[PDB]
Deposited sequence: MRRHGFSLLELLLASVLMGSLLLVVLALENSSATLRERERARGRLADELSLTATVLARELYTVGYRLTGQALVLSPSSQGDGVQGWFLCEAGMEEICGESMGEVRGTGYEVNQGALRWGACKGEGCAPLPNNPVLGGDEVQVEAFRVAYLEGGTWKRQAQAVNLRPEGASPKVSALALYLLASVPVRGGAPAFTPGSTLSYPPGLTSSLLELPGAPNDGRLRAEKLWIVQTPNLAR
């Protein structure tokens, strides 16, 4: 519908915000650069980076950023200082008309897609582990007049070699009449593979 076009646009905006932020994780940093906290009920992701003022808006010091889904909203938090805790509290998307029903994050390590509790540390030797990219998934729903037909999450996705719905623990969706849309997108993480 009109509804699906609009919701897909929200997911795109959201992806662009998240991608630009996560591409910078590990920039010029030594120490803990990323923490992934997945669960079968959904995922959290936290990252840190060095500010050089002039190049990225948020910014000569370390910053933390985070995202997770709480009570139907994708939420975001920020902080300053080495290993600071961002506390994702501000909504990005959802929590009322739009309901964000799933957020998932996987990482690419030397050609293999993984999804597990994992910290990434940067050291003179290098990154541990070597993360080339992140995969991010969002599912969301809106009410629509007269209801919409059933949605099977993962159905509209195009997957990179090796990445699966099972790795992502993609949810079921109820036949509740809500119109659903989803997005899988990949963010390269060159600062974590260096």
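Stretches with no C-alpha atoms in the model, relative to the deposited sequence starting at 1:
Missing from the model are residues 1-38, 98-101.
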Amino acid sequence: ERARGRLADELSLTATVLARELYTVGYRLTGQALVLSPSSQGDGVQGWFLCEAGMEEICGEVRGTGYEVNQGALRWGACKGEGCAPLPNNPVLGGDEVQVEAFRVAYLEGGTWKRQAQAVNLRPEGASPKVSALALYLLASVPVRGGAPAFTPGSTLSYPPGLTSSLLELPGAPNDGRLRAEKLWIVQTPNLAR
From here on, numbers count along this sequence of modelled residues.
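Which of 98-106 and 73-81 has higher mean CA B factor, as the PDB entry lists it
Looking at the record's C-alpha B-factors, the answer is 73-81.
Comparing 176-184 with 12-20, which stretch shows the greater average C-alpha B-factor in the deposited entry?
Averaging CA B-factors over each stretch, the winner is 176-184.
Highest CA temperature factor in the entry: which of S166, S132, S128, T65?
When the deposited C-alpha B-factors of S166, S132, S128, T65 are compared, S166 is largest.
Candidate residues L36, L139, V142, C51, the one whose C-alpha B factor the record puts highest:
When the deposited C-alpha B-factors of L36, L139, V142, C51 are compared, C51 is largest.
Quick check on the deposited entry: does the C-alpha B-factor of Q118 sit in the lowest, middle or highest third of its chain?
For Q118, whose C-alpha B-factor we compare with every modelled residue in the chain, the answer is the lowest third.
Taking only the Cα B-factors deposited for this chain, tell me whether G44 sits in the lowest, middle or highest third.
Within its chain, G44 is a lowest-third residue by C-alpha B-factor, going by the deposited values.
Ranked against its chain, the third holding the CA B-factor of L7
Bottom third by C-alpha B-factor.
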